[PDB]
Each structure stands twice: as structure tokens, then as C-alpha cells.
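Engineer: Let me give you the structure first, and then I'll get to my questions.
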Protein chains: 2
Amino acid sequence: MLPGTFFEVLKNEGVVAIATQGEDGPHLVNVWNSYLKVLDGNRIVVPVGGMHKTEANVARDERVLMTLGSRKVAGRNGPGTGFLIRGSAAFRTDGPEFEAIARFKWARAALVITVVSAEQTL
Amino acid sequence: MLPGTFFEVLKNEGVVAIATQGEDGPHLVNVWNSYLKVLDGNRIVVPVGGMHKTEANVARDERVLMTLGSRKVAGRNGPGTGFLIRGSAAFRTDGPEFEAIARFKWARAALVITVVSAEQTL
Ligand SMILES: Cc1cc2nc3c(=O)[nH]c(=O)nc-3n(C[C@H](O)[C@H](O)[C@H](O)COP(=O)(O)O)c2cc1C
Ligand SMILES: Cc1cc2nc3c(=O)[nH]c(=O)nc-3n(C[C@H](O)[C@H](O)[C@H](O)COP(=O)(O)O)c2cc1C
């Protein structure tokens with residue numbers, strides 16, 4: 001589900017954005033490119049320190065959107081590219097998916113996104 | 001209301017994310033940090049090439065969220081910071097606000113976000 005170009009982006013630093021559906025409109029939070037841990041089976045795991053509004057939103061609608069990119073990775077028509085990722089989210093406080101990011105001692109949980117599509121948008 | 005630290009982020013490379021309310025959940029698109037033009041009156045202007053889905057969403061609900069950041073600007077507790085911006089959006093296709101993105105020959109419109117709040121989230 002995730003292409004090589006996406007993994008090239010992860011080698012470079014940047015701001016990842018994660019959108020959820022809130023009660024009165026969207027919500028949007030961030031993690032660093034370098035924090036994403038990709039597992040077998042199309043899973044992206046990120047360390048959760050805060051994300052309290054985000055978790056409440058996911059509890060009611062598991063569908064999330066994620067974007068990320070880098071000026072340092074070539075797109076289709078010039079330098080720089082990025083991705084829109086769609087997937088279903090779940091929060092874990094134990095298990096192997098949590099342990100994948102437990103090295104971040106500030107992490108109260110892991111946000112696990114199982115990817116349903118990845119589009120290179122540049 | 002945009003703080004100095006926000007303008008420092010704009011001096012650095014990054015991916016900006018813009019969330020809108022869609023009919024069946026959020027939508028999320030990107031521009032580059034360096035593309036943003038800030039005008040007086042709390043206005044952030046970005047070049048529109050695609051964003052047809054985003055524009056349709058704005059037509060139904062003008063409220064948007066924006067995040068951006070940089071590892072190269074110090075946050076409150078270490079290197080790296082970023083912002084959550086909330087504001088109202090409009091799409092201009094003539095006039096001063098459109099002229100503000102004139103350097104982008106590929107642009108079909110200017111997305112003008114009038115900022116209601118800016119929160120440094122790291
Ligand atoms: C560049 C950047 C990186 C961030 N990385 C994380 C992160 O790895 N984990 C986290 O929980 N919050 C991170 N945050 C903070 C979140 O964006 C968000 O503000 C916070 O978790 C509160 O989430 P909520 O609004 O859903 O309650 C980061 C913020 C920025 C600007
Ligand atoms: C790093 C990056 C920068 C982008 N910059 C722009 C931009 O300046 N203007 C634009 O219209 N689309 C830009 N895009 C594409 C948008 O994110 C989006 O995919 C496209 O405009 C279609 O919008 P829509 O899904 O709302 O129709 C960029 C994408 C990436 C990954």
C-alpha cells in the first residue's frame with residue numbers, strides 16, 4: 001500500500017498532519033516525519049503524547065487522513081513531493097504495536113493507522 | 001495576531017496542511033512553507049492550482065484548519081515547533097489578494113485564510 005517514494009520521504013525531516021472528524025468540524029494535529037514507524041500489513045504507528053481531542057474523534061469515526069512530504073524527494077514534475085494517506089485509526093496502550101513506539105517515554109499510547117490508500121499528490 | 005515564531009517557521013522548508021469539512025468527513029491538502037504570503041489584517045494567502053475539492057468544501061463551510069512547522073525553529077521544550085491555525089477561507093481570482101500570488105504562473109486562484117487564532121502546539 002505504501003510506495004518506496006513514501007519511505008524516501010520518511011528519511012527526511014518534516015511535519016506530518018493527521019486530520020480527524022470532530023463534532024463541529026475537522027481537527028488536525030501533527031507528528032514529525034522521523035517518528036513514524038511502519039509495520040508489516042500497511043500499518044503506520046505514531047507515538048501519542050497528547051492527541052486527546054484526536055482520540056475522542058477517532059472513537060466516534062475511525063477514518064483519518066494523513067499528509068506528509070519533503071522538498072528533498074523528487075516528485076513527478078520537479079523536486080519535492082508528498083502524500084495523502086487514508087486509513088482507519090486505533091489507539092493502543094499495550095501490545096506489539098504500542099511497543100513499536102514505546103522507546104518514546106513520553107508516549108501514553110500508540111496511534112495505529114491501517115492504510116487503505118496512499119496517493120502521491122505532487 | 002500571528003507571532004514572530006510563526007514567521008521564523010516560514011523561513012524554513014516544510015509541508016503546510018490545510019483541512020476542510022467535506023460531505024463525508026474531513027479533507028486535507030498541502031502547500032509548501034515558502035509559498036505562504038502573509039498580509040496585514042491577519043491574512044495568509046496561498047497559490048491555488050488544484051484544490052477543487054477543497055474549494056467546494058470551503059463554499060459549504062468557510063472554516064479551515066492549518067498546520068505547519070519546522071525542526072529548525074525552537075519550541076517551548078526543545079528544537080522544533082509548529083502551529084495550529086484556525087481561520088475562514090475565501091478563493092480570489094482577481095484583485096490585490098490574487099495579485100499577491102502572481103509569481104506562481106500555474107495558479108488559478110488565491111486561497112485567502114483570515115486567521116482567527118494561532119496556537120504554537122510544541
Ligand atoms: C511539529 C510537531 C510535532 C508534533 N509531534 C507530536 C507527537 O509525536 N505526538 C503527540 O502526541 N503530539 C505531537 N504534537 C502535538 C499535536 O499536534 C497536538 O497539538 C497534541 O497532541 C494535542 O492533540 P489534540 O488537539 O488532539 O488533543 C506535535 C506538534 C507539532 C507542531
Ligand atoms: C508538498 C506539497 C505541496 C503542494 N502545494 C500545492 C500548492 O501550492 N497548490 C495547490 O493547488 N496544490 C498543492 N499541492 C497539491 C494539493 O495538496 C492537492 O493534492 C491538490 O491541490 C488537489 O486538491 P483537492 O484534493 O482539494 O482537489 C501540494 C501537494 C504537496 C504534497
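Each chain in the C-alpha cells gets a letter, A, B and so on, in the order shown; residues start at 1 in every chain, and ligands are counted from 1 in the order they appear.
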Residues of chain B that have any atom at most 7 Å from an atom of ligand 2: could you tabulate them with the shortest-distance atom pair and the distance in Å to one decimal, using only C-alpha atoms and all ligand atoms, ordered by chain and increasing number, as JSON lines?

Structural biologist:
```
{"residue": "B:15", "atom": "CA", "partner": "ligand 2", "partner_atom_place_in_ligand_line": "1 (C)", "distance": 5.2}
{"residue": "B:29", "atom": "CA", "partner": "ligand 2", "partner_atom_place_in_ligand_line": "17 (O)", "distance": 3.7}
{"residue": "B:30", "atom": "CA", "partner": "ligand 2", "partner_atom_place_in_ligand_line": "17 (O)", "distance": 3.7}
{"residue": "B:31", "atom": "CA", "partner": "ligand 2", "partner_atom_place_in_ligand_line": "5 (N)", "distance": 3.3}
{"residue": "B:32", "atom": "CA", "partner": "ligand 2", "partner_atom_place_in_ligand_line": "3 (C)", "distance": 5.0}
{"residue": "B:35", "atom": "CA", "partner": "ligand 2", "partner_atom_place_in_ligand_line": "8 (O)", "distance": 6.5}
{"residue": "B:46", "atom": "CA", "partner": "ligand 2", "partner_atom_place_in_ligand_line": "8 (O)", "distance": 6.6}
{"residue": "B:47", "atom": "CA", "partner": "ligand 2", "partner_atom_place_in_ligand_line": "8 (O)", "distance": 5.2}
{"residue": "B:48", "atom": "CA", "partner": "ligand 2", "partner_atom_place_in_ligand_line": "11 (O)", "distance": 3.8}
{"residue": "B:49", "atom": "CA", "partner": "ligand 2", "partner_atom_place_in_ligand_line": "11 (O)", "distance": 3.4}
{"residue": "B:50", "atom": "CA", "partner": "ligand 2", "partner_atom_place_in_ligand_line": "21 (O)", "distance": 3.4}
{"residue": "B:51", "atom": "CA", "partner": "ligand 2", "partner_atom_place_in_ligand_line": "23 (O)", "distance": 3.2}
{"residue": "B:52", "atom": "CA", "partner": "ligand 2", "partner_atom_place_in_ligand_line": "27 (O)", "distance": 4.0}
{"residue": "B:53", "atom": "CA", "partner": "ligand 2", "partner_atom_place_in_ligand_line": "26 (O)", "distance": 3.8}
{"residue": "B:54", "atom": "CA", "partner": "ligand 2", "partner_atom_place_in_ligand_line": "26 (O)", "distance": 3.6}
{"residue": "B:55", "atom": "CA", "partner": "ligand 2", "partner_atom_place_in_ligand_line": "26 (O)", "distance": 6.5}
```

Engineer: Residues near residue 65 in chain A, anyone? I mean within 7 Å using only C-alpha atoms, not counting same-chain ones fewer than 3 positions away, as a PyMOL selection string.

Structural biologist: (chain A and resi 18-20+84-87) or (chain B and resi 28)

Engineer: Keeping only N, CA, C and O atoms, take the residues you just selected and write them out as an mmCIF file, in the first residue's frame.

Structural biologist:
```cif
data_model
loop_
_atom_site.group_PDB
_atom_site.id
_atom_site.type_symbol
_atom_site.label_atom_id
_atom_site.label_comp_id
_atom_site.auth_asym_id
_atom_site.auth_seq_id
_atom_site.Cartn_x
_atom_site.Cartn_y
_atom_site.Cartn_z
ATOM 1 N N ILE A 18 -2.346 14.991 10.682
ATOM 2 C CA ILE A 18 -3.368 13.956 10.801
ATOM 3 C C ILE A 18 -4.720 14.610 11.059
ATOM 4 O O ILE A 18 -4.905 15.290 12.071
ATOM 5 N N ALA A 19 -5.655 14.411 10.132
ATOM 6 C CA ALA A 19 -6.981 15.011 10.227
ATOM 7 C C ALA A 19 -7.993 13.987 10.708
ATOM 8 O O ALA A 19 -7.999 12.841 10.249
ATOM 9 N N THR A 20 -8.849 14.410 11.633
ATOM 10 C CA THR A 20 -9.957 13.582 12.096
ATOM 11 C C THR A 20 -11.260 14.362 11.987
ATOM 12 O O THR A 20 -11.250 15.584 11.846
ATOM 13 N N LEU A 84 -1.062 11.980 0.274
ATOM 14 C CA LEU A 84 -2.288 11.894 1.048
ATOM 15 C C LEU A 84 -2.552 10.427 1.355
ATOM 16 O O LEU A 84 -2.689 9.599 0.448
ATOM 17 N N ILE A 85 -2.603 10.111 2.641
ATOM 18 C CA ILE A 85 -2.855 8.756 3.094
ATOM 19 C C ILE A 85 -4.218 8.703 3.764
ATOM 20 O O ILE A 85 -4.558 9.574 4.567
ATOM 21 N N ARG A 86 -5.005 7.692 3.413
ATOM 22 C CA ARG A 86 -6.275 7.443 4.080
ATOM 23 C C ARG A 86 -6.204 6.102 4.788
ATOM 24 O O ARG A 86 -5.642 5.146 4.259
ATOM 25 N N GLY A 87 -6.765 6.039 5.987
ATOM 26 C CA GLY A 87 -6.767 4.786 6.716
ATOM 27 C C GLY A 87 -7.667 4.810 7.931
ATOM 28 O O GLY A 87 -8.273 5.832 8.258
ATOM 29 N N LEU B 28 -8.014 17.064 3.308
ATOM 30 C CA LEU B 28 -6.706 17.557 3.717
ATOM 31 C C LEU B 28 -5.814 17.711 2.495
ATOM 32 O O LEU B 28 -5.606 16.751 1.750
#
```

Engineer: Using only C-alpha atoms and all ligand atoms, I'd like a table of the residues in chain B that come within 10 Å of ligand 1; for each, show the closest atom pair and its distance in Å rounded to one decimal, ordered by chain and ascending number, as JSON lines.

Structural biologist:
```
{"residue": "B:67", "atom": "CA", "partner": "ligand 1", "partner_atom_place_in_ligand_line": "31 (C)", "distance": 7.3}
{"residue": "B:68", "atom": "CA", "partner": "ligand 1", "partner_atom_place_in_ligand_line": "31 (C)", "distance": 6.8}
{"residue": "B:69", "atom": "CA", "partner": "ligand 1", "partner_atom_place_in_ligand_line": "1 (C)", "distance": 5.2}
{"residue": "B:70", "atom": "CA", "partner": "ligand 1", "partner_atom_place_in_ligand_line": "1 (C)", "distance": 6.4}
{"residue": "B:71", "atom": "CA", "partner": "ligand 1", "partner_atom_place_in_ligand_line": "1 (C)", "distance": 7.1}
{"residue": "B:73", "atom": "CA", "partner": "ligand 1", "partner_atom_place_in_ligand_line": "1 (C)", "distance": 9.9}
{"residue": "B:75", "atom": "CA", "partner": "ligand 1", "partner_atom_place_in_ligand_line": "31 (C)", "distance": 8.5}
{"residue": "B:79", "atom": "CA", "partner": "ligand 1", "partner_atom_place_in_ligand_line": "1 (C)", "distance": 9.8}
{"residue": "B:80", "atom": "CA", "partner": "ligand 1", "partner_atom_place_in_ligand_line": "1 (C)", "distance": 6.3}
{"residue": "B:81", "atom": "CA", "partner": "ligand 1", "partner_atom_place_in_ligand_line": "31 (C)", "distance": 5.0}
{"residue": "B:82", "atom": "CA", "partner": "ligand 1", "partner_atom_place_in_ligand_line": "31 (C)", "distance": 3.4}
{"residue": "B:83", "atom": "CA", "partner": "ligand 1", "partner_atom_place_in_ligand_line": "31 (C)", "distance": 5.3}
{"residue": "B:84", "atom": "CA", "partner": "ligand 1", "partner_atom_place_in_ligand_line": "31 (C)", "distance": 7.3}
{"residue": "B:119", "atom": "CA", "partner": "ligand 1", "partner_atom_place_in_ligand_line": "19 (O)", "distance": 8.7}
{"residue": "B:120", "atom": "CA", "partner": "ligand 1", "partner_atom_place_in_ligand_line": "31 (C)", "distance": 6.9}
{"residue": "B:121", "atom": "CA", "partner": "ligand 1", "partner_atom_place_in_ligand_line": "19 (O)", "distance": 4.7}
{"residue": "B:122", "atom": "CA", "partner": "ligand 1", "partner_atom_place_in_ligand_line": "31 (C)", "distance": 5.1}
```

Engineer: Could you take the residues named above and write them with N, CA and C atoms, as an mmCIF file, in the first residue's frame?

Structural biologist:
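Listing of again-v6.cif after writing:
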```
data_model
loop_
_atom_site.group_PDB
_atom_site.id
_atom_site.type_symbol
_atom_site.label_atom_id
_atom_site.label_comp_id
_atom_site.auth_asym_id
_atom_site.auth_seq_id
_atom_site.Cartn_x
_atom_site.Cartn_y
_atom_site.Cartn_z
ATOM 1 N N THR B 67 -1.939 23.507 9.677
ATOM 2 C CA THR B 67 -0.753 23.254 10.485
ATOM 3 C C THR B 67 0.508 23.397 9.650
ATOM 4 N N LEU B 68 1.590 23.774 10.318
ATOM 5 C CA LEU B 68 2.898 23.884 9.691
ATOM 6 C C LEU B 68 3.934 23.931 10.801
ATOM 7 N N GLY B 69 5.188 23.670 10.456
ATOM 8 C CA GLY B 69 6.227 23.701 11.467
ATOM 9 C C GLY B 69 7.609 23.554 10.874
ATOM 10 N N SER B 70 8.606 23.463 11.745
ATOM 11 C CA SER B 70 9.980 23.256 11.313
ATOM 12 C C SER B 70 10.848 22.742 12.453
ATOM 13 N N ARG B 71 11.694 21.767 12.147
ATOM 14 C CA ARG B 71 12.668 21.274 13.112
ATOM 15 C C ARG B 71 13.722 22.316 13.454
ATOM 16 N N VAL B 73 13.336 25.561 14.093
ATOM 17 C CA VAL B 73 12.883 26.655 14.947
ATOM 18 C C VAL B 73 12.535 26.094 16.324
ATOM 19 N N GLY B 75 11.021 25.157 19.835
ATOM 20 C CA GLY B 75 9.738 25.154 20.515
ATOM 21 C C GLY B 75 9.912 25.470 21.989
ATOM 22 N N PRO B 79 14.325 21.611 20.326
ATOM 23 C CA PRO B 79 14.389 22.053 18.932
ATOM 24 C C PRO B 79 13.160 21.566 18.175
ATOM 25 N N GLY B 80 12.572 22.451 17.381
ATOM 26 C CA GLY B 80 11.420 22.081 16.581
ATOM 27 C C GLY B 80 10.118 22.606 17.151
ATOM 28 N N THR B 81 9.285 23.179 16.288
ATOM 29 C CA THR B 81 7.995 23.684 16.722
ATOM 30 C C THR B 81 7.017 23.731 15.556
ATOM 31 N N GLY B 82 5.775 24.089 15.855
ATOM 32 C CA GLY B 82 4.786 24.254 14.810
ATOM 33 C C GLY B 82 3.515 24.876 15.346
ATOM 34 N N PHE B 83 2.546 25.083 14.460
ATOM 35 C CA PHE B 83 1.351 25.853 14.783
ATOM 36 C C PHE B 83 0.082 25.189 14.283
ATOM 37 N N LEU B 84 -0.985 25.332 15.062
ATOM 38 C CA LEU B 84 -2.335 25.113 14.562
ATOM 39 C C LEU B 84 -3.006 26.463 14.343
ATOM 40 N N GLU B 119 -2.059 28.883 17.429
ATOM 41 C CA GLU B 119 -1.620 28.205 18.642
ATOM 42 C C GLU B 119 -0.305 27.483 18.359
ATOM 43 N N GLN B 120 0.758 27.856 19.070
ATOM 44 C CA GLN B 120 2.006 27.114 18.954
ATOM 45 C C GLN B 120 1.857 25.844 19.774
ATOM 46 N N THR B 121 1.883 24.704 19.094
ATOM 47 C CA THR B 121 1.487 23.452 19.724
ATOM 48 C C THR B 121 2.664 22.600 20.181
ATOM 49 N N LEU B 122 3.863 23.172 20.133
ATOM 50 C CA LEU B 122 5.054 22.477 20.599
ATOM 51 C C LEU B 122 6.092 23.498 21.062
#
```

Engineer: Taking only C-alpha atoms into account, report as a PyMOL selection string which residues of chain B lie within 6 Å of chain A.

Structural biologist: chain B and resi 21+25-26

Engineer: What would the file look like if the residues just selected were written as an mmCIF file, in the first residue's frame with N, CA, C and O atoms?

Structural biologist:
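part-v6.cif written:
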```
data_model
loop_
_atom_site.group_PDB
_atom_site.id
_atom_site.type_symbol
_atom_site.label_atom_id
_atom_site.label_comp_id
_atom_site.auth_asym_id
_atom_site.auth_seq_id
_atom_site.Cartn_x
_atom_site.Cartn_y
_atom_site.Cartn_z
ATOM 1 N N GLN B 21 -13.911 20.836 5.854
ATOM 2 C CA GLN B 21 -15.012 19.926 6.129
ATOM 3 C C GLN B 21 -15.634 19.453 4.825
ATOM 4 O O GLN B 21 -16.164 20.256 4.055
ATOM 5 N N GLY B 25 -16.775 13.540 5.930
ATOM 6 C CA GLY B 25 -15.529 13.547 6.672
ATOM 7 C C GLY B 25 -14.630 14.696 6.260
ATOM 8 O O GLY B 25 -14.980 15.466 5.368
ATOM 9 N N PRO B 26 -13.456 14.836 6.893
ATOM 10 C CA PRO B 26 -12.539 15.924 6.546
ATOM 11 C C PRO B 26 -11.870 15.726 5.192
ATOM 12 O O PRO B 26 -11.834 14.617 4.656
#
```

Engineer: To one decimal in Å, tell me the separation between CA of residue 118 in chain A and CA of residue 3 in chain A.

Structural biologist: 7.9 Å

Engineer: List every residue of chain B that DSSP, applied to the backbone of this structure, places in strand (DSSP E), and write the result as a PyMOL selection string.

Structural biologist: chain B and resi 15-22+25-32+37-39+43-48+63-74+79-92+109-120

Engineer: I need the alpha helix (DSSP H) residues of chain A per DSSP on the backbone, written as a short mmCIF file (atom, residue, chain, number, x, y, z; two decimals) with N, CA and C atoms, in the first residue's frame.

Structural biologist:
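New file part.cif:
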```
data_model
loop_
_atom_site.label_atom_id
_atom_site.label_comp_id
_atom_site.auth_asym_id
_atom_site.auth_seq_id
_atom_site.Cartn_x
_atom_site.Cartn_y
_atom_site.Cartn_z
N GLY A 4 7.70 3.06 -2.35
CA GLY A 4 9.06 3.41 -2.00
C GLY A 4 9.26 4.90 -1.81
N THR A 5 8.62 5.71 -2.64
CA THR A 5 8.80 7.15 -2.56
C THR A 5 8.35 7.68 -1.20
N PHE A 6 7.32 7.06 -0.64
CA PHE A 6 6.85 7.41 0.70
C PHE A 6 7.95 7.15 1.73
N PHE A 7 8.63 6.02 1.61
CA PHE A 7 9.71 5.70 2.53
C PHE A 7 10.90 6.64 2.39
N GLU A 8 11.13 7.13 1.17
CA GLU A 8 12.16 8.14 0.96
C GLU A 8 11.82 9.42 1.71
N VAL A 9 10.55 9.80 1.68
CA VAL A 9 10.10 10.97 2.43
C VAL A 9 10.41 10.80 3.92
N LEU A 10 10.21 9.60 4.45
CA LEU A 10 10.44 9.36 5.87
C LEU A 10 11.91 9.48 6.28
N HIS A 52 -5.60 14.09 22.65
CA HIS A 52 -6.80 13.76 23.41
C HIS A 52 -8.07 14.08 22.63
N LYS A 53 -8.09 15.22 21.94
CA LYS A 53 -9.23 15.55 21.10
C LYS A 53 -9.25 14.59 19.92
N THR A 54 -8.07 14.30 19.39
CA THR A 54 -7.94 13.38 18.27
C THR A 54 -8.44 11.98 18.63
N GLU A 55 -8.09 11.50 19.82
CA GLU A 55 -8.54 10.17 20.23
C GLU A 55 -10.05 10.10 20.38
N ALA A 56 -10.65 11.14 20.95
CA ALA A 56 -12.10 11.19 21.10
C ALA A 56 -12.78 11.17 19.74
N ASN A 57 -12.20 11.88 18.78
CA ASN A 57 -12.74 11.89 17.42
C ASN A 57 -12.65 10.51 16.78
N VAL A 58 -11.50 9.86 16.94
CA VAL A 58 -11.29 8.52 16.38
C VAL A 58 -12.24 7.50 16.99
N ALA A 59 -12.57 7.69 18.26
CA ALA A 59 -13.50 6.81 18.96
C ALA A 59 -14.86 6.79 18.27
N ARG A 60 -15.21 7.90 17.62
CA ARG A 60 -16.53 8.06 17.02
C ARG A 60 -16.50 7.93 15.49
N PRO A 96 2.18 -5.35 20.84
CA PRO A 96 3.30 -5.10 19.94
C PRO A 96 3.29 -3.78 19.19
N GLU A 97 2.10 -3.27 18.88
CA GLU A 97 2.01 -2.00 18.16
C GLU A 97 2.39 -0.84 19.06
N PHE A 98 1.96 -0.89 20.32
CA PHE A 98 2.43 0.09 21.29
C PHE A 98 3.93 -0.04 21.50
N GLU A 99 4.42 -1.27 21.65
CA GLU A 99 5.83 -1.48 21.96
C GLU A 99 6.72 -0.96 20.83
#
```
